file upload.tsv (TSV, C-alpha atoms and all ligand atoms)
chain	number	residue	atom	x	y	z
A	1	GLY	CA	-176.11	56.16	21.07
A	2	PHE	CA	-179.09	58.19	22.18
A	3	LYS	CA	-180.95	55.21	23.67
A	4	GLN	CA	-177.85	54.10	25.57
A	5	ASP	CA	-177.36	57.68	26.82
A	6	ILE	CA	-180.83	57.61	28.36
A	7	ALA	CA	-179.77	54.44	30.27
A	8	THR	CA	-176.47	56.09	31.31
A	9	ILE	CA	-178.26	59.14	32.71
A	10	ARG	CA	-180.90	57.00	34.42
A	11	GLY	CA	-178.13	54.93	36.02
A	12	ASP	CA	-176.94	57.95	38.04
A	13	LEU	CA	-179.86	60.30	37.58
A	14	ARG	CA	-179.69	62.63	40.64
A	15	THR	CA	-175.98	63.30	39.99
A	16	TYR	CA	-176.36	63.96	36.22
A	17	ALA	CA	-179.52	65.99	36.77
A	18	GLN	CA	-177.89	68.31	39.31
A	19	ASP	CA	-174.64	68.58	37.34
A	20	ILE	CA	-176.32	69.36	34.04
A	21	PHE	CA	-178.81	71.83	35.54
A	22	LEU	CA	-175.94	73.67	37.31
A	23	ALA	CA	-174.08	73.74	34.01
A	24	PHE	CA	-177.21	75.36	32.52
A	25	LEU	CA	-177.54	78.02	35.26
A	26	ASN	CA	-173.86	78.78	35.29
A	27	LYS	CA	-173.63	79.11	31.47
A	28	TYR	CA	-176.72	81.33	31.26
A	29	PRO	CA	-176.68	83.26	34.45
A	30	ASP	CA	-179.67	85.35	33.24
A	31	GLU	CA	-181.73	82.12	33.29
A	32	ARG	CA	-181.48	81.89	37.07
A	33	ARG	CA	-184.06	84.74	37.11
A	34	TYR	CA	-186.72	82.04	36.57
A	35	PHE	CA	-185.59	80.27	39.75
A	36	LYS	CA	-186.41	82.25	42.91
A	37	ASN	CA	-184.53	80.75	45.87
A	38	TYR	CA	-181.63	79.65	43.61
A	39	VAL	CA	-180.24	83.17	43.27
A	40	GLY	CA	-177.09	84.07	45.27
A	41	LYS	CA	-176.12	80.43	45.92
A	42	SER	CA	-172.99	78.43	45.05
A	43	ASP	CA	-173.21	74.96	43.47
A	44	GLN	CA	-172.59	73.27	46.84
A	45	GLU	CA	-175.25	75.36	48.55
A	46	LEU	CA	-177.77	74.32	45.89
A	47	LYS	CA	-176.81	70.64	46.17
A	48	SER	CA	-177.65	70.77	49.89
A	49	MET	CA	-181.02	72.36	49.35
A	50	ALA	CA	-183.46	69.41	49.44
A	51	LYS	CA	-185.85	71.20	47.06
A	52	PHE	CA	-183.19	71.75	44.35
A	53	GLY	CA	-182.31	68.04	44.35
A	54	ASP	CA	-185.95	66.96	44.37
A	55	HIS	CA	-187.05	69.30	41.59
A	56	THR	CA	-184.02	68.77	39.31
A	57	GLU	CA	-184.50	65.01	39.66
A	58	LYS	CA	-188.15	65.37	38.62
A	59	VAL	CA	-187.10	67.49	35.62
A	60	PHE	CA	-184.62	64.88	34.40
A	61	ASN	CA	-186.95	61.96	35.19
A	62	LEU	CA	-189.46	63.54	32.79
A	63	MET	CA	-186.80	64.60	30.25
A	64	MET	CA	-185.56	61.00	30.07
A	65	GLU	CA	-189.13	59.72	29.57
A	66	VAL	CA	-189.68	62.25	26.71
A	67	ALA	CA	-186.36	61.15	25.22
A	68	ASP	CA	-187.26	57.47	25.61
A	69	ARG	CA	-190.71	58.01	23.98
A	70	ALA	CA	-189.10	59.82	20.98
A	71	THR	CA	-188.49	58.29	17.53
A	72	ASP	CA	-185.14	59.25	15.99
A	73	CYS	CA	-184.87	62.04	18.60
A	74	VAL	CA	-188.26	63.56	17.64
A	75	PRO	CA	-190.48	63.73	20.77
A	76	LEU	CA	-194.16	62.79	20.87
A	77	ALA	CA	-196.48	65.77	20.24
A	78	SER	CA	-198.31	64.85	23.49
A	79	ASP	CA	-195.07	65.22	25.45
A	80	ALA	CA	-194.51	68.66	23.91
A	81	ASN	CA	-198.10	69.62	24.72
A	82	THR	CA	-197.51	68.67	28.41
A	83	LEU	CA	-194.37	70.80	28.58
A	84	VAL	CA	-196.16	73.82	27.09
A	85	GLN	CA	-199.28	73.47	29.26
A	86	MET	CA	-197.65	72.87	32.68
A	87	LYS	CA	-198.44	75.81	34.96
A	88	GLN	CA	-194.78	75.84	36.05
A	89	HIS	CA	-193.82	76.63	32.44
A	90	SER	CA	-196.27	79.55	31.92
A	91	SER	CA	-193.49	82.15	31.77
A	92	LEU	CA	-191.25	80.21	29.35
A	93	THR	CA	-190.51	80.57	25.65
A	94	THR	CA	-188.56	78.18	23.35
A	95	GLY	CA	-185.34	80.17	23.91
A	96	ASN	CA	-185.24	78.87	27.49
A	97	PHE	CA	-185.26	75.31	26.18
A	98	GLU	CA	-182.71	76.07	23.43
A	99	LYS	CA	-180.32	77.33	26.17
A	100	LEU	CA	-180.86	74.27	28.38
A	101	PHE	CA	-179.96	71.97	25.52
A	102	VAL	CA	-176.92	73.98	24.42
A	103	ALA	CA	-175.63	73.60	27.99
A	104	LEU	CA	-176.52	69.91	28.13
A	105	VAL	CA	-174.71	69.15	24.87
A	106	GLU	CA	-171.67	71.15	26.08
A	107	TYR	CA	-171.67	69.22	29.34
A	108	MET	CA	-171.77	65.94	27.40
A	109	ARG	CA	-168.88	66.86	25.11
A	110	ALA	CA	-166.77	67.94	28.11
A	111	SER	CA	-167.51	64.79	30.14
A	112	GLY	CA	-165.38	61.63	30.47
A	113	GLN	CA	-168.50	59.55	29.70
A	114	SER	CA	-169.08	58.60	25.99
A	115	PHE	CA	-172.36	60.41	25.11
A	116	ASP	CA	-173.87	60.77	21.59
A	117	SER	CA	-173.79	64.59	21.95
A	118	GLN	CA	-174.96	65.19	18.37
A	119	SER	CA	-178.16	63.23	19.02
A	120	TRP	CA	-178.86	65.31	22.10
A	121	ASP	CA	-178.39	68.44	19.98
A	122	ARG	CA	-180.94	67.11	17.46
A	123	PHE	CA	-183.28	66.15	20.34
A	124	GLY	CA	-183.14	69.69	21.74
A	125	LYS	CA	-183.85	71.19	18.25
A	126	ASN	CA	-186.70	68.78	17.64
A	127	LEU	CA	-188.13	69.38	21.09
A	128	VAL	CA	-188.00	73.18	20.47
A	129	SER	CA	-189.79	72.67	17.13
A	130	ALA	CA	-192.44	70.53	18.85
A	131	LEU	CA	-192.87	73.17	21.59
A	132	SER	CA	-193.44	75.78	18.87
A	133	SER	CA	-196.05	73.61	17.13
A	134	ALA	CA	-197.74	73.07	20.52
A	135	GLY	CA	-198.00	76.86	20.81
A	136	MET	CA	-195.06	78.07	22.91
A	137	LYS	CA	-193.73	81.49	21.82
B	1	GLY	CA	-148.20	40.29	24.51
B	2	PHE	CA	-150.16	40.20	21.25
B	3	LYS	CA	-150.36	36.38	21.06
B	4	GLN	CA	-151.55	36.17	24.68
B	5	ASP	CA	-154.19	38.86	23.97
B	6	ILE	CA	-155.56	36.71	21.16
B	7	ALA	CA	-155.93	33.89	23.74
B	8	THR	CA	-157.57	36.24	26.30
B	9	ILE	CA	-160.05	37.44	23.70
B	10	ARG	CA	-160.79	33.96	22.38
B	11	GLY	CA	-161.38	32.60	25.89
B	12	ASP	CA	-164.37	34.87	26.33
B	13	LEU	CA	-165.00	35.86	22.71
B	14	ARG	CA	-168.74	36.62	23.16
B	15	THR	CA	-168.11	39.08	25.97
B	16	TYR	CA	-165.11	40.85	24.44
B	17	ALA	CA	-166.67	41.04	20.97
B	18	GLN	CA	-169.83	42.65	22.36
B	19	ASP	CA	-167.85	44.95	24.70
B	20	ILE	CA	-165.53	46.23	22.04
B	21	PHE	CA	-168.16	46.57	19.32
B	22	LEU	CA	-170.36	48.62	21.65
B	23	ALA	CA	-167.34	50.70	22.63
B	24	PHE	CA	-166.89	51.37	18.89
B	25	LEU	CA	-170.52	52.41	18.29
B	26	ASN	CA	-170.65	54.53	21.40
B	27	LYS	CA	-167.40	56.37	20.58
B	28	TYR	CA	-168.41	56.87	16.92
B	29	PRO	CA	-172.22	56.99	16.91
B	30	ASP	CA	-172.31	57.84	13.21
B	31	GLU	CA	-171.02	54.29	12.53
B	32	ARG	CA	-174.30	52.79	13.69
B	33	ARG	CA	-176.00	53.68	10.39
B	34	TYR	CA	-174.12	50.76	8.78
B	35	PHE	CA	-176.06	48.39	11.12
B	36	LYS	CA	-179.72	49.28	10.57
B	37	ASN	CA	-181.10	46.66	12.98
B	38	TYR	CA	-179.10	48.23	15.84
B	39	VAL	CA	-180.56	51.77	15.46
B	40	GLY	CA	-182.54	52.99	18.51
B	41	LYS	CA	-181.30	50.28	20.83
B	42	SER	CA	-179.39	50.53	24.11
B	43	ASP	CA	-176.45	48.24	24.90
B	44	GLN	CA	-178.51	45.88	27.02
B	45	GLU	CA	-181.26	45.86	24.36
B	46	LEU	CA	-178.77	44.79	21.68
B	47	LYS	CA	-177.54	41.95	23.92
B	48	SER	CA	-180.94	40.18	23.77
B	49	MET	CA	-181.08	40.28	19.97
B	50	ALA	CA	-179.90	36.99	18.49
B	51	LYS	CA	-178.24	38.53	15.43
B	52	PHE	CA	-176.27	41.03	17.51
B	53	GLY	CA	-174.47	38.30	19.51
B	54	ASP	CA	-174.00	36.11	16.46
B	55	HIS	CA	-172.73	38.94	14.15
B	56	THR	CA	-170.35	40.41	16.71
B	57	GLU	CA	-168.84	37.10	17.55
B	58	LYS	CA	-168.34	36.29	13.84
B	59	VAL	CA	-166.63	39.64	13.34
B	60	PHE	CA	-164.23	39.08	16.20
B	61	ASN	CA	-163.59	35.47	15.29
B	62	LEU	CA	-162.40	36.66	11.85
B	63	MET	CA	-160.42	39.52	13.42
B	64	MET	CA	-158.66	37.02	15.71
B	65	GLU	CA	-157.93	34.73	12.73
B	66	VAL	CA	-156.37	37.67	10.87
B	67	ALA	CA	-154.43	38.62	14.02
B	68	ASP	CA	-153.14	35.05	14.53
B	69	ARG	CA	-152.05	34.79	10.87
B	70	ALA	CA	-150.17	38.09	11.06
B	71	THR	CA	-146.39	38.30	11.37
B	72	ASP	CA	-145.15	40.95	13.82
B	73	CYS	CA	-148.63	42.57	13.72
B	74	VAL	CA	-148.59	42.81	9.94
B	75	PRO	CA	-151.62	41.02	8.44
B	76	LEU	CA	-151.50	38.86	5.33
B	77	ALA	CA	-152.15	40.53	2.02
B	78	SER	CA	-154.84	37.87	1.31
B	79	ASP	CA	-156.59	38.64	4.61
B	80	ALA	CA	-156.71	42.39	3.86
B	81	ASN	CA	-158.02	41.63	0.39
B	82	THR	CA	-160.78	39.42	1.89
B	83	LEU	CA	-161.88	42.30	4.08
B	84	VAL	CA	-161.93	44.82	1.19
B	85	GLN	CA	-163.84	42.61	-1.19
B	86	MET	CA	-166.48	41.32	1.27
B	87	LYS	CA	-169.98	42.21	0.05
B	88	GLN	CA	-170.81	43.54	3.54
B	89	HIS	CA	-167.90	46.01	3.34
B	90	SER	CA	-168.57	47.58	-0.11
B	91	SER	CA	-169.45	51.04	1.23
B	92	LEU	CA	-166.55	51.17	3.71
B	93	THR	CA	-163.43	53.33	3.72
B	94	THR	CA	-160.24	52.78	5.71
B	95	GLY	CA	-161.50	55.45	8.13
B	96	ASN	CA	-164.19	53.05	9.38
B	97	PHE	CA	-161.47	50.53	10.28
B	98	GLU	CA	-159.22	53.21	11.79
B	99	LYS	CA	-162.14	54.12	14.08
B	100	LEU	CA	-162.79	50.49	15.11
B	101	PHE	CA	-159.16	50.13	16.09
B	102	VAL	CA	-159.03	53.44	17.97
B	103	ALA	CA	-162.06	52.23	19.97
B	104	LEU	CA	-160.54	48.76	20.50
B	105	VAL	CA	-157.25	50.22	21.80
B	106	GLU	CA	-159.11	52.67	24.07
B	107	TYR	CA	-161.16	49.78	25.42
B	108	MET	CA	-157.98	47.77	26.15
B	109	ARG	CA	-156.31	50.67	27.92
B	110	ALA	CA	-159.40	51.27	30.11
B	111	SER	CA	-159.79	47.60	30.99
B	112	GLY	CA	-158.64	45.77	34.11
B	113	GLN	CA	-157.10	43.05	31.88
B	114	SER	CA	-153.34	43.39	30.88
B	115	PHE	CA	-153.50	43.87	27.08
B	116	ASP	CA	-150.59	44.80	24.83
B	117	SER	CA	-152.51	47.83	23.60
B	118	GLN	CA	-149.59	49.24	21.60
B	119	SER	CA	-149.41	45.98	19.56
B	120	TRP	CA	-153.12	46.32	18.78
B	121	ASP	CA	-152.59	49.89	17.66
B	122	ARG	CA	-149.76	48.74	15.35
B	123	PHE	CA	-151.93	45.89	14.07
B	124	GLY	CA	-154.80	48.31	13.32
B	125	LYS	CA	-152.49	50.71	11.51
B	126	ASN	CA	-150.90	47.90	9.52
B	127	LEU	CA	-154.33	46.50	8.69
B	128	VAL	CA	-155.42	49.98	7.49
B	129	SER	CA	-152.27	50.24	5.36
B	130	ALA	CA	-152.96	46.77	3.89
B	131	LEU	CA	-156.57	47.64	3.14
B	132	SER	CA	-155.33	50.78	1.35
B	133	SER	CA	-152.80	48.82	-0.69
B	134	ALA	CA	-155.66	46.41	-1.51
B	135	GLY	CA	-157.62	49.29	-3.02
B	136	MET	CA	-159.93	50.41	-0.20
B	137	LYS	CA	-160.78	54.13	-0.43
A	201	LIG	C1	-187.26	69.10	28.53
A	201	LIG	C2	-186.99	70.05	29.43
A	201	LIG	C3	-187.80	70.21	30.74
A	201	LIG	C4	-188.47	69.29	31.45
A	201	LIG	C5	-188.64	67.80	31.12
A	201	LIG	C6	-189.03	69.95	32.62
A	201	LIG	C7	-189.79	69.36	33.61
A	201	LIG	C8	-190.23	69.96	34.78
A	201	LIG	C9	-190.89	69.28	35.87
A	201	LIG	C10	-191.18	67.76	35.99
A	201	LIG	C11	-191.16	70.21	36.81
A	201	LIG	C12	-191.84	69.92	38.17
A	201	LIG	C13	-190.76	69.79	39.24
A	201	LIG	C14	-191.33	69.58	40.62
A	201	LIG	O1	-192.43	70.10	40.94
A	201	LIG	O2	-190.68	68.89	41.43
A	201	LIG	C15	-190.69	71.50	36.31
A	201	LIG	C16	-190.81	72.72	36.94
A	201	LIG	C17	-190.29	73.93	36.54
A	201	LIG	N1	-189.57	74.18	35.39
A	201	LIG	FE1	-189.28	72.76	33.87
A	201	LIG	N2	-188.65	71.27	32.56
A	201	LIG	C18	-187.89	71.49	31.42
A	201	LIG	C19	-187.32	72.67	30.99
A	201	LIG	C20	-187.36	73.87	31.67
A	201	LIG	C21	-186.62	75.07	31.28
A	201	LIG	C22	-185.69	75.21	30.06
A	201	LIG	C23	-186.94	76.00	32.21
A	201	LIG	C24	-186.47	77.47	32.33
A	201	LIG	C25	-185.30	77.87	31.85
A	201	LIG	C26	-187.86	75.41	33.16
A	201	LIG	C27	-188.42	76.05	34.24
A	201	LIG	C28	-189.17	75.51	35.26
A	201	LIG	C29	-189.68	76.23	36.42
A	201	LIG	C30	-189.53	77.74	36.73
A	201	LIG	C31	-190.41	75.19	37.25
A	201	LIG	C32	-191.15	75.44	38.59
A	201	LIG	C33	-190.21	75.94	39.69
A	201	LIG	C34	-189.51	74.82	40.43
A	201	LIG	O3	-189.77	73.61	40.16
A	201	LIG	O4	-188.66	75.13	41.31
A	201	LIG	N3	-188.09	74.09	32.81
A	201	LIG	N4	-190.13	71.33	35.05
A	202	LIG	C1	-160.93	43.88	11.13
A	202	LIG	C2	-162.19	44.34	11.24
A	202	LIG	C3	-163.46	43.64	10.70
A	202	LIG	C4	-163.72	42.34	10.55
A	202	LIG	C5	-162.82	41.13	10.89
A	202	LIG	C6	-165.06	42.21	10.04
A	202	LIG	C7	-165.70	41.05	9.76
A	202	LIG	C8	-167.03	40.93	9.43
A	202	LIG	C9	-167.71	39.65	9.31
A	202	LIG	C10	-167.08	38.26	9.53
A	202	LIG	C11	-168.97	39.92	8.95
A	202	LIG	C12	-170.10	38.89	8.69
A	202	LIG	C13	-170.88	38.56	9.95
A	202	LIG	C14	-171.83	37.45	9.60
A	202	LIG	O1	-171.38	36.40	9.04
A	202	LIG	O2	-173.05	37.60	9.87
A	202	LIG	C15	-169.09	41.35	8.85
A	202	LIG	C16	-170.26	41.97	8.51
A	202	LIG	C17	-170.42	43.33	8.47
A	202	LIG	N1	-169.46	44.28	8.70
A	202	LIG	FE1	-167.46	43.94	9.15
A	202	LIG	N2	-165.58	43.47	9.89
A	202	LIG	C18	-164.63	44.39	10.27
A	202	LIG	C19	-164.78	45.75	10.28
A	202	LIG	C20	-165.92	46.44	9.96
A	202	LIG	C21	-166.12	47.87	10.14
A	202	LIG	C22	-165.05	48.85	10.68
A	202	LIG	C23	-167.38	48.13	9.71
A	202	LIG	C24	-168.14	49.47	9.66
A	202	LIG	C25	-167.77	50.48	10.45
A	202	LIG	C26	-167.98	46.88	9.29
A	202	LIG	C27	-169.25	46.74	8.77
A	202	LIG	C28	-169.95	45.58	8.56
A	202	LIG	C29	-171.34	45.49	8.20
A	202	LIG	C30	-172.29	46.68	7.94
A	202	LIG	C31	-171.65	44.02	8.13
A	202	LIG	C32	-173.00	43.39	7.76
A	202	LIG	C33	-173.95	43.69	8.92
A	202	LIG	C34	-173.95	42.55	9.91
A	202	LIG	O3	-173.25	41.52	9.70
A	202	LIG	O4	-174.68	42.68	10.93
A	202	LIG	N3	-167.07	45.87	9.47
A	202	LIG	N4	-167.89	42.01	9.14
A	203	LIG	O1	-187.13	72.93	40.23
A	203	LIG	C1	-186.67	72.82	38.96
A	203	LIG	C2	-185.37	72.37	38.72
A	203	LIG	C3	-184.92	72.27	37.41
A	203	LIG	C4	-185.75	72.63	36.35
A	203	LIG	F1	-185.32	72.53	35.07
A	203	LIG	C5	-187.04	73.07	36.60
A	203	LIG	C6	-187.50	73.17	37.91
call {"tool": "encode", "arguments": {"input": "upload.tsv", "output": "structure tokens", "more": "lines below"}}
Ligand code: HEM
Ligand code: HEM
Ligand SMILES: Oc1ccc(F)cc1
result
Amino acid sequence: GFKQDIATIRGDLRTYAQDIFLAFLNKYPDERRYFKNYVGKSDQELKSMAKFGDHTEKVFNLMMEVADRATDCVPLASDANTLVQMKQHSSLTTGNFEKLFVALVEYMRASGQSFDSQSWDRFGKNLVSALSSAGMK
Amino acid sequence: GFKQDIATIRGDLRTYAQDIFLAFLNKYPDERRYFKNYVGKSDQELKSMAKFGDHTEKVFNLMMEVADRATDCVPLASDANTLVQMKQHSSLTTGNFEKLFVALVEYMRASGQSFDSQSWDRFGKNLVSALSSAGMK
């Protein structure tokens, strides 16, 4: 289930984080706009850029904490507030998050690993709703 | 073969019962709602709950009894009836059992141990047929 999935991802975090984020950027190429020095680079080029690995790990470290802190895939309001208020997220709207989670769920369904993809879909919806309540456009 | 597999499973019943049951829940996450005390728990979390170990072993002990009593992987009519009329199984349909056996067979095929997975598939199908003939929806 969802709780087990958090442990699965945490068990090989850097790999899942990079693979899911690349799935995101490749599925929504327009989204790469938000990521300066990621433009014009293949997957392998990105995976050799120390900054890409470091930042994507930090993203998924936090995402797993938000997931772990959730009840029935509904995140804490405080976690949503943090995601809205972070300076790094000043240019984002909830559509950006919707996209990330569509890609994540797709990645999970396509994988050999047994994820509860439906729970992740709900988590992404509930996170988006929480972002909206916290004031993201 | 099938009779040897019953011995393999019985020799380490705790471990196989937990393994296979978790494989079932993780493959079919919607099945977890039948086990309310297991909601929101990872695999390793479940393994430190007394009732999880006790329940799962009692399930697999009965399953192995039914398997041992079968002839050519066809269970007794009285055993199928027992499983249909159990108070704990009132809400169940044969689909729930079909799913358990799909998970069990998948687990056997993925394992490093030499199971007669086709016999288990036949047993599951014959058990489903026998549940149906015993009136399960
Ligand atoms: C639940 C989902 C998300 C979480 C938990 C999260 C978390 C984080 C964290 C921890 C950082 C800091 C990374 C660091 O400094 O090393 C970060 C930065 C950033 N995030 Fe998010 N993020 C999420 C979703 C998104 C989405 C959907 C987008 C845009 C499509 C986005 C865009 C950015 C940008 C532009 C930065 C700064 C640039 C960079 O780190 O290279 N984030 N995020
Ligand atoms: C051949 C397969 C099965 C056997 C031998 C079996 C056997 C058992 C046994 C012996 C118990 C009582 C455990 C105890 O004494 O505490 C039990 C309980 C229960 N069973 Fe089954 N079962 C089977 C399949 C299923 C399936 C497929 C489901 C649902 C998907 C299910 C749902 C339940 C539930 C909800 C309980 C009560 C909850 C619990 O004991 O924790 N069973 N089963
Ligand atoms: O540096 C990053 C990497 C991934 C992400 F989602 C946000 C910032």
call {"tool": "closest_residue", "arguments": {"input": "upload.tsv", "among": "A:104, A:13, A:31, A:135", "to": "residue 116 in chain A", "atoms": "all atoms listed in the file"}}
result
A:104
call {"tool": "residues_around", "arguments": {"input": "upload.tsv", "residues": "residue 62 in chain B", "least_positions_apart": "5", "cutoff": "10 Å", "atoms": "all atoms listed in the file", "output": "PyMOL selection string"}}
result
chain B and resi 57+67-68+79+83
call {"tool": "closest_atom_pairs", "arguments": {"input": "upload.tsv", "of": "chain B", "to": "ligand LIG 202 (chain A)", "cutoff": "6 Å", "atoms": "all atoms listed in the file", "output": "Markdown table"}}
result
| residue | atom | partner | partner_atom | distance |
| --- | --- | --- | --- | --- |
| B:31 | CA | A:LIG202 | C25 | 5.4 |
| B:34 | CA | A:LIG202 | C30 | 4.5 |
| B:35 | CA | A:LIG202 | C30 | 5.2 |
| B:55 | CA | A:LIG202 | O2 | 4.5 |
| B:58 | CA | A:LIG202 | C10 | 4.9 |
| B:59 | CA | A:LIG202 | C7 | 4.0 |
| B:60 | CA | A:LIG202 | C5 | 5.9 |
| B:62 | CA | A:LIG202 | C5 | 4.6 |
| B:63 | CA | A:LIG202 | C5 | 3.8 |
| B:88 | CA | A:LIG202 | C31 | 4.7 |
| B:89 | CA | A:LIG202 | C28 | 5.6 |
| B:96 | CA | A:LIG202 | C22 | 4.5 |
| B:97 | CA | A:LIG202 | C22 | 4.0 |
| B:100 | CA | A:LIG202 | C22 | 5.2 |
call {"tool": "write_last_selection", "arguments": {"input": "upload.tsv", "atoms": "C-alpha atoms", "output": "PDB file, in the coordinates of the input"}}
result
ATOM      1  CA  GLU B  31    -171.020  54.290  12.530  1.00  0.00           C
ATOM      2  CA  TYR B  34    -174.120  50.760   8.780  1.00  0.00           C
ATOM      3  CA  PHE B  35    -176.060  48.390  11.120  1.00  0.00           C
ATOM      4  CA  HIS B  55    -172.730  38.940  14.150  1.00  0.00           C
ATOM      5  CA  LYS B  58    -168.340  36.290  13.840  1.00  0.00           C
ATOM      6  CA  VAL B  59    -166.630  39.640  13.340  1.00  0.00           C
ATOM      7  CA  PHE B  60    -164.230  39.080  16.200  1.00  0.00           C
ATOM      8  CA  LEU B  62    -162.400  36.660  11.850  1.00  0.00           C
ATOM      9  CA  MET B  63    -160.420  39.520  13.420  1.00  0.00           C
ATOM     10  CA  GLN B  88    -170.810  43.540   3.540  1.00  0.00           C
ATOM     11  CA  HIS B  89    -167.900  46.010   3.340  1.00  0.00           C
ATOM     12  CA  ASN B  96    -164.190  53.050   9.380  1.00  0.00           C
ATOM     13  CA  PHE B  97    -161.470  50.530  10.280  1.00  0.00           C
ATOM     14  CA  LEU B 100    -162.790  50.490  15.110  1.00  0.00           C
TER      15      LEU B 100
END
call {"tool": "closest_residue", "arguments": {"input": "upload.tsv", "among": "A:28, A:38, A:2, A:52", "to": "chain B", "atoms": "all atoms listed in the file"}}
result
A:2
call {"tool": "closest_residue", "arguments": {"input": "upload.tsv", "among": "A:3, A:9, A:95, A:19", "to": "residue 113 in chain A", "atoms": "only C-alpha atoms"}}
result
A:9
call {"tool": "residues_around", "arguments": {"input": "upload.tsv", "residues": "residue 6 in chain A", "least_positions_apart": "2", "cutoff": "12 Å", "atoms": "all atoms listed in the file", "output": "number ranges by chain"}}
result
A: 1-4, 8-13, 16-17, 60-70, 73, 115-117, 119-120, 123; B: 40-43
call {"tool": "closest_residue", "arguments": {"input": "upload.tsv", "among": "A:71, A:56, A:111, A:85", "to": "chain B", "atoms": "all atoms listed in the file"}}
result
A:71
call {"tool": "interface_residues", "arguments": {"input": "upload.tsv", "of": "chain B", "to": "chain A", "cutoff": "12 Å", "atoms": "all atoms listed in the file", "output": "PyMOL selection string"}}
result
chain B and resi 22-33+38-46+103+106-107+110
call {"tool": "write_last_selection", "arguments": {"input": "upload.tsv", "atoms": "C-alpha atoms", "output": "PDB file, in the coordinates of the input"}}
result
ATOM      1  CA  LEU B  22    -170.360  48.620  21.650  1.00  0.00           C
ATOM      2  CA  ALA B  23    -167.340  50.700  22.630  1.00  0.00           C
ATOM      3  CA  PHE B  24    -166.890  51.370  18.890  1.00  0.00           C
ATOM      4  CA  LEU B  25    -170.520  52.410  18.290  1.00  0.00           C
ATOM      5  CA  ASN B  26    -170.650  54.530  21.400  1.00  0.00           C
ATOM      6  CA  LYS B  27    -167.400  56.370  20.580  1.00  0.00           C
ATOM      7  CA  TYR B  28    -168.410  56.870  16.920  1.00  0.00           C
ATOM      8  CA  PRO B  29    -172.220  56.990  16.910  1.00  0.00           C
ATOM      9  CA  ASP B  30    -172.310  57.840  13.210  1.00  0.00           C
ATOM     10  CA  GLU B  31    -171.020  54.290  12.530  1.00  0.00           C
ATOM     11  CA  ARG B  32    -174.300  52.790  13.690  1.00  0.00           C
ATOM     12  CA  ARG B  33    -176.000  53.680  10.390  1.00  0.00           C
ATOM     13  CA  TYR B  38    -179.100  48.230  15.840  1.00  0.00           C
ATOM     14  CA  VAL B  39    -180.560  51.770  15.460  1.00  0.00           C
ATOM     15  CA  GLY B  40    -182.540  52.990  18.510  1.00  0.00           C
ATOM     16  CA  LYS B  41    -181.300  50.280  20.830  1.00  0.00           C
ATOM     17  CA  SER B  42    -179.390  50.530  24.110  1.00  0.00           C
ATOM     18  CA  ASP B  43    -176.450  48.240  24.900  1.00  0.00           C
ATOM     19  CA  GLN B  44    -178.510  45.880  27.020  1.00  0.00           C
ATOM     20  CA  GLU B  45    -181.260  45.860  24.360  1.00  0.00           C
ATOM     21  CA  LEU B  46    -178.770  44.790  21.680  1.00  0.00           C
ATOM     22  CA  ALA B 103    -162.060  52.230  19.970  1.00  0.00           C
ATOM     23  CA  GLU B 106    -159.110  52.670  24.070  1.00  0.00           C
ATOM     24  CA  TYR B 107    -161.160  49.780  25.420  1.00  0.00           C
ATOM     25  CA  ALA B 110    -159.400  51.270  30.110  1.00  0.00           C
TER      26      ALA B 110
END
call {"tool": "closest_residue", "arguments": {"input": "upload.tsv", "among": "A:82, A:76, A:92, A:109", "to": "residue 126 in chain A", "atoms": "only C-alpha atoms"}}
result
A:76
call {"tool": "build_atoms", "arguments": {"input": "upload.tsv", "residues": "range 76-84 of chain A", "atoms": "N, CA and C atoms", "output": "PDB file, keeping the file's coordinate frame"}}
result
ATOM      1  N   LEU A  76    -192.719  62.806  21.114  1.00  0.00           N
ATOM      2  CA  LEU A  76    -194.160  62.790  20.870  1.00  0.00           C
ATOM      3  C   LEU A  76    -194.773  64.201  20.967  1.00  0.00           C
ATOM      4  N   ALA A  77    -195.793  64.478  20.146  1.00  0.00           N
ATOM      5  CA  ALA A  77    -196.480  65.770  20.240  1.00  0.00           C
ATOM      6  C   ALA A  77    -197.135  65.913  21.621  1.00  0.00           C
ATOM      7  N   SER A  78    -197.640  64.803  22.167  1.00  0.00           N
ATOM      8  CA  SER A  78    -198.310  64.850  23.490  1.00  0.00           C
ATOM      9  C   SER A  78    -197.333  65.268  24.584  1.00  0.00           C
ATOM     10  N   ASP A  79    -196.084  64.796  24.489  1.00  0.00           N
ATOM     11  CA  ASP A  79    -195.070  65.220  25.450  1.00  0.00           C
ATOM     12  C   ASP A  79    -194.772  66.733  25.365  1.00  0.00           C
ATOM     13  N   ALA A  80    -194.664  67.235  24.130  1.00  0.00           N
ATOM     14  CA  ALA A  80    -194.510  68.660  23.910  1.00  0.00           C
ATOM     15  C   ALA A  80    -195.707  69.430  24.466  1.00  0.00           C
ATOM     16  N   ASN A  81    -196.925  68.948  24.201  1.00  0.00           N
ATOM     17  CA  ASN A  81    -198.100  69.620  24.720  1.00  0.00           C
ATOM     18  C   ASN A  81    -198.036  69.752  26.256  1.00  0.00           C
ATOM     19  N   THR A  82    -197.649  68.683  26.934  1.00  0.00           N
ATOM     20  CA  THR A  82    -197.510  68.670  28.410  1.00  0.00           C
ATOM     21  C   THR A  82    -196.532  69.730  28.856  1.00  0.00           C
ATOM     22  N   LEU A  83    -195.381  69.808  28.194  1.00  0.00           N
ATOM     23  CA  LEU A  83    -194.370  70.800  28.580  1.00  0.00           C
ATOM     24  C   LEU A  83    -194.822  72.235  28.369  1.00  0.00           C
ATOM     25  N   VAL A  84    -195.643  72.475  27.342  1.00  0.00           N
ATOM     26  CA  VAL A  84    -196.160  73.820  27.090  1.00  0.00           C
ATOM     27  C   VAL A  84    -197.250  74.193  28.097  1.00  0.00           C
TER      28      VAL A  84
END
